[PDB]
Amino acid sequence: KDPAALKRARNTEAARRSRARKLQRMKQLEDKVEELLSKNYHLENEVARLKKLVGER
Amino acid sequence: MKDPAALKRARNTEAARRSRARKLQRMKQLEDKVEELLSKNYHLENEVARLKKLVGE
DNA sequence: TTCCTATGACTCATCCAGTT
DNA sequence: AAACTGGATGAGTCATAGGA
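For this deposition, the record names X-ray crystallography as the technique by which the model was determined and cites 2.900 Å as its resolution.

So this is what it looks like as C-alpha coordinates:
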(Lines give C-alpha, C1' and ligand atoms only; values in the text may rest on other atoms or scores of the structure.)
Protein backbone atom coordinates (compact mmCIF):
# COMPACT_ATOMS: atom_id res chain seq x y z
CA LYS A 1 0.00 0.00 0.00
CA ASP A 2 1.48 3.42 -1.10
CA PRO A 3 -0.42 6.37 0.70
CA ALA A 4 -2.00 6.75 -2.91
CA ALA A 5 -3.06 3.12 -2.77
CA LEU A 6 -4.42 3.50 0.79
CA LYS A 7 -6.01 6.72 -0.27
CA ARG A 8 -7.70 5.31 -3.38
CA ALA A 9 -9.50 2.31 -1.81
CA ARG A 10 -10.55 4.74 0.83
CA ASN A 11 -11.87 7.60 -1.47
CA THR A 12 -13.62 4.86 -3.47
CA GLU A 13 -15.63 4.07 -0.29
CA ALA A 14 -16.48 7.80 0.32
CA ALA A 15 -17.69 7.98 -3.27
CA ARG A 16 -19.79 4.87 -2.32
CA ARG A 17 -21.50 6.01 1.01
CA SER A 18 -22.42 9.05 -1.05
CA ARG A 19 -24.14 7.19 -4.00
CA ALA A 20 -26.12 5.37 -1.28
CA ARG A 21 -26.92 8.66 0.51
CA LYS A 22 -27.82 10.37 -2.83
CA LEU A 23 -30.25 7.46 -3.54
CA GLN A 24 -32.02 8.13 -0.21
CA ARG A 25 -32.27 11.94 -0.70
CA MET A 26 -34.43 11.29 -3.82
CA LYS A 27 -36.51 8.36 -2.48
CA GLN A 28 -37.57 10.71 0.20
CA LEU A 29 -38.29 13.67 -2.16
CA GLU A 30 -40.56 11.17 -3.99
CA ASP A 31 -42.46 10.53 -0.65
CA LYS A 32 -42.88 14.27 0.41
CA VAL A 33 -44.36 14.56 -3.23
CA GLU A 34 -46.67 11.51 -2.64
CA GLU A 35 -48.15 12.53 0.77
CA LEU A 36 -48.71 16.06 -0.38
CA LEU A 37 -50.95 14.74 -3.14
CA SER A 38 -52.87 12.41 -0.70
CA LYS A 39 -53.26 15.48 1.60
CA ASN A 40 -54.56 17.66 -1.43
CA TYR A 41 -56.96 14.71 -2.30
CA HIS A 42 -58.52 14.54 1.22
CA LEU A 43 -58.42 18.25 1.72
CA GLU A 44 -60.33 19.30 -1.51
CA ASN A 45 -62.95 16.53 -0.79
CA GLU A 46 -63.31 17.85 2.79
CA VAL A 47 -63.88 21.33 1.37
CA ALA A 48 -66.48 19.98 -1.15
CA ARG A 49 -68.36 18.22 1.80
CA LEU A 50 -68.54 21.30 4.16
CA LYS A 51 -69.05 23.43 1.02
CA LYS A 52 -72.22 21.51 0.24
CA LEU A 53 -73.99 22.20 3.65
CA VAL A 54 -73.86 26.09 3.06
CA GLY A 55 -73.32 27.71 -0.60
CA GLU A 56 -71.37 27.57 -3.89
CA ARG A 57 -68.67 30.22 -4.29
CA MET B 1 -0.12 6.07 -31.76
CA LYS B 2 -3.94 7.05 -31.84
CA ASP B 3 -7.75 7.15 -31.31
CA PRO B 4 -9.59 3.68 -31.84
CA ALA B 5 -10.64 4.05 -28.31
CA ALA B 6 -10.71 7.92 -28.27
CA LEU B 7 -14.07 7.61 -30.10
CA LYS B 8 -15.53 5.11 -27.49
CA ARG B 9 -14.67 7.50 -24.54
CA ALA B 10 -15.71 10.94 -26.18
CA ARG B 11 -19.09 9.28 -26.77
CA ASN B 12 -19.47 7.45 -23.35
CA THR B 13 -18.51 10.77 -21.75
CA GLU B 14 -21.37 12.49 -23.65
CA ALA B 15 -23.69 9.74 -22.42
CA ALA B 16 -22.61 10.31 -18.72
CA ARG B 17 -23.21 14.12 -19.29
CA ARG B 18 -26.63 13.22 -20.52
CA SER B 19 -27.57 10.59 -17.88
CA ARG B 20 -26.54 13.09 -15.19
CA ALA B 21 -28.67 16.02 -16.74
CA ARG B 22 -31.75 13.66 -16.36
CA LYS B 23 -31.27 12.99 -12.71
CA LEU B 24 -30.69 16.79 -12.27
CA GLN B 25 -33.95 17.64 -13.90
CA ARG B 26 -36.17 14.88 -12.20
CA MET B 27 -34.74 16.30 -8.91
CA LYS B 28 -35.50 19.97 -9.60
CA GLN B 29 -38.84 18.89 -11.15
CA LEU B 30 -40.11 17.21 -7.93
CA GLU B 31 -38.86 19.92 -5.56
CA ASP B 32 -40.91 22.56 -7.45
CA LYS B 33 -43.95 20.26 -6.99
CA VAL B 34 -43.13 19.97 -3.17
CA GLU B 35 -43.28 23.86 -3.00
CA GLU B 36 -46.44 24.02 -5.31
CA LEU B 37 -48.44 21.32 -3.50
CA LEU B 38 -47.55 22.81 -0.13
CA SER B 39 -48.99 25.98 -1.23
CA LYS B 40 -52.25 24.71 -2.55
CA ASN B 41 -52.84 22.77 0.65
CA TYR B 42 -52.45 25.73 3.13
CA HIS B 43 -55.12 27.61 1.14
CA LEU B 44 -57.41 24.64 1.39
CA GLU B 45 -56.70 24.13 5.13
CA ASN B 46 -57.76 27.90 5.61
CA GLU B 47 -60.95 27.38 3.47
CA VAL B 48 -61.73 24.38 5.60
CA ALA B 49 -61.34 26.47 8.82
CA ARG B 50 -63.58 29.07 7.39
CA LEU B 51 -66.39 26.73 6.18
CA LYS B 52 -66.24 24.90 9.61
CA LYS B 53 -66.77 28.44 11.21
CA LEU B 54 -69.52 29.45 8.82
CA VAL B 55 -71.26 26.18 9.81
CA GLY B 56 -69.27 23.68 12.09
CA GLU B 57 -66.91 20.86 13.09
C1' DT C 1 -21.28 -13.07 -32.78
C1' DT C 2 -21.28 -7.38 -32.85
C1' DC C 3 -22.30 -3.09 -31.99
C1' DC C 4 -24.07 0.79 -28.96
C1' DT C 5 -26.23 3.37 -25.17
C1' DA C 6 -27.56 4.09 -20.06
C1' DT C 7 -26.16 3.46 -15.37
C1' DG C 8 -23.20 1.49 -11.60
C1' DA C 9 -18.64 1.71 -9.93
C1' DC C 10 -13.85 3.53 -9.43
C1' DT C 11 -10.12 7.34 -10.00
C1' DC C 12 -8.62 12.05 -10.18
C1' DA C 13 -8.11 16.63 -8.79
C1' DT C 14 -10.36 19.67 -5.47
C1' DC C 15 -11.90 21.40 -1.82
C1' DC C 16 -13.76 21.52 3.15
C1' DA C 17 -13.94 20.30 8.17
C1' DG C 18 -12.42 18.80 12.47
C1' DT C 19 -8.83 19.24 15.43
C1' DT C 20 -4.72 20.76 18.30
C1' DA D 1 -3.35 25.88 7.94
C1' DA D 2 -3.63 28.26 1.28
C1' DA D 3 -1.78 23.27 4.63
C1' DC D 4 -1.83 18.43 9.22
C1' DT D 5 -5.36 14.45 8.48
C1' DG D 6 -8.96 12.14 5.92
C1' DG D 7 -13.69 12.74 4.51
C1' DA D 8 -16.43 14.34 0.69
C1' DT D 9 -17.92 16.43 -4.25
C1' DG D 10 -18.05 16.65 -9.72
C1' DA D 11 -16.73 14.90 -13.82
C1' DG D 12 -14.12 11.61 -16.82
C1' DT D 13 -13.38 6.95 -17.52
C1' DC D 14 -14.04 1.52 -16.61
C1' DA D 15 -17.14 -2.47 -16.34
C1' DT D 16 -21.69 -4.18 -17.15
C1' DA D 17 -26.76 -4.89 -18.52
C1' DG D 18 -30.02 -4.31 -21.70
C1' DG D 19 -31.32 -3.51 -26.59
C1' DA D 20 -31.34 -4.49 -31.07
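Contact with chain B, which involves 17 residues of that partner, is made by 16 residues of chain A. Here chain B meets chain A over a buried area of about 1,800 Å², counting both sides, of which 77% is carbon and sulfur. Three residues, B:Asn41, B:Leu44 and B:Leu51, lead the burial of chain B against chain A; their summed loss comes to 27% of the area buried on that side. Where chain B meets chain A, there are 1 salt bridge.

With respect to spatial proximity, 13 residues lie near DNA strand C, and among them A:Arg8, A:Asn11, A:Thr12, A:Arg19 and B:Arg22 are the closest. Among the atoms of DNA strand C lying within 4 Å of the protein, the sugar-phosphate backbone contributes 57%. Within the side chain of A:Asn11, an N or O atom sits 3.0 Å from a base nitrogen of DNA strand C. Between a sugar or linking oxygen of DNA strand C and a side-chain N or O atom of A:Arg19, the distance comes to 2.8 Å. Elements with a contribution of two residues or more to the surface near DNA strand C: α1 (3–52) of chain A together with α1 (5–54) of chain B. Here the element with the most residues in the surface near DNA strand C is α1(B); it accounts for 8 residues. Considering only residue class, the surface near DNA strand C consists of 3 nonpolar, 4 polar and 6 charged.

What follows concerns the protein's contact with DNA strand D. Within the structure, DNA strand D sits among 13 residues, and A:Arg10, A:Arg17, A:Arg21, B:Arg17 and B:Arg20 are positioned closest to it. By atom count, sugar and phosphate contribute 56% of the portion of DNA strand D lying within 4 Å of the protein. Here a phosphate oxygen of DNA strand D sits 3.0 Å away from a polar atom, N or O, in the side chain of B:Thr13. The contact in question runs from a base nitrogen of DNA strand D to an N or O atom on the side chain of B:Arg20, over 2.6 Å. When contributions to the surface near DNA strand D are tallied by element, the ones reaching two or more residues are α1 of chain A together with α1 of chain B.

Conventions and cut-offs
- Residues numbered from 1 in each chain as written, not as in the entry; some residues may be left out.
- Chains lettered and ligands numbered in written order.
- Heavy atoms only, no water.
- Contact = heavy atoms within 4.5 Å.
- Buried area = accessible area lost by both parts, 1.4 Å probe.
- Salt bridge = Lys/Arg side-chain N within 4 Å of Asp/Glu carboxyl O.
- Near = heavy atom within 4 Å.
- Polar contact = N/O pair within 3.5 Å; in protein donor to acceptor, adjacent residues only side chain to side chain.
- Helix = DSSP H or I, 4+ residues; strand = E, 2+ residues; numbered from the N terminus.
- Nonpolar A, V, L, I, M, F, W, Y, C, P; charged D, E, K, R; others polar.

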